[PDB]
Structures are given as C-alpha cells and as structure tokens.
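Quick heads-up: it's one chain on its own, the form deposited in one PDB entry, in structure tokens.
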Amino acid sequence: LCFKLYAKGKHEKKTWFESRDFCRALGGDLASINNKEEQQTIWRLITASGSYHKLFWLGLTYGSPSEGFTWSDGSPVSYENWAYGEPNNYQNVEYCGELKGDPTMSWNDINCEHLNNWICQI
C-alpha cells in the first residue's frame, strides 16, 4: 500500500470520520502503521514534503470496551507506538488516534471530532 500525506490549508483540516471518507473515496483508507518500516516510509514522506511539526489522523479508532483500539482497514494492532502516557482517554472523549509527525512518530488518542491533517493509504 502507498501512503500519502494530506497537510492542506489551515481551514482544510478534517475530523477523523471526514478523513476516513476522503481516503475511502479514493479507493483506500486511513493509514495503518503495522511495523517500523511503514513508520519510516511515512516519516520520510514528512521529510520529503517539508510538512514538519504537524499532527495527522491515522486509522486508529476505538472498538468495543473489550478490544480497545483497532485499525479502520481491519489490520491487526500488532505494532504500537503510543507516546508515553497514551492512550489516556483524556476526559473520556478520546476514541481516535493521531500521529505526531516528528522523528518519534508517536501516537496519541484524541477526540474524533478534532480537526487534523491526515494520511491515506491506497
């Protein structure tokens, strides 16, 4: 699968659901990061575009209380790269996952209605 970053204009950020719909409209989905190689591919996409210091929706979304986080594309949640302290379900309203697009490439749970950049896979 090919990844593509979407860091558009200031008023062009999207909720998690809007981002998922955008990627699905192109025949793909929000990006799942299944291992370190895929993480590196995305990090180099960030360096290549110069789209530094941005946050991006990934395909992380909460399932049932039993299962916790899942990937929107159905991939297993094998690899995890949560930032320290995450996921923390801050104020009980955080059911989607974002990537901090810095060298650590760490993940944070955040409210799904937050407006973010996003990363698709096709």
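Residues that one form lacks are left out of the comparison. We call the rigid core whatever largest set of C-alpha positions still superposes within 1.5 Å between the two forms. Numbering starts at 1 and runs along the sequence shown.
Another form, the form deposited in another entry, is not on view; read the next lines as being about it.
K.L.:
Residue 82: with the rigid core matched between the shown form and the other one, does its Cα shift 2 Å or more?
P.N.:
After core superposition, the displacement of the residue 82 C-alpha between the shown form and the other one reaches the 2 Å mark, so yes.
K.L.:
For residue 45, decide whether the Cα shift between the shown form and the other one is 2 Å or greater, given a superposition on the rigid core.
P.N.:
Not so; residue 45 is displaced by less than 2 Å.
K.L.:
Taking the rigid core as the frame, does residue 92 move its C-alpha by 2 Å or more between the shown form and the other one?
P.N.:
Comparing forms between the shown form and the other one, the residue 92 CA shifts at least 2 Å.
K.L.:
Closer or farther: the CA pair residue 17/residue 92 in the other entry, versus this form, with a change of 3 Å or more?
P.N.:
It is closer: the C-alpha separation of residue 17 and residue 92 falls by at least 3 Å in the other entry.
K.L.:
Given that the distance between the C-alpha atoms of residue 24 and residue 92 changes by 3 Å or more in the other entry, do they end up closer or farther than here?
P.N.:
Distance between the C-alphas of residue 24 and residue 92: shorter in the other entry, by 3 Å or more.
K.L.:
With the two forms aligned on the rigid core, where do runs of 3 or more residues move by 2 angstroms or more at the CA atoms between the shown form and the other one?
P.N.:
Residues 68-94 form the single run that moves by 2 Å or more between the shown form and the other one.
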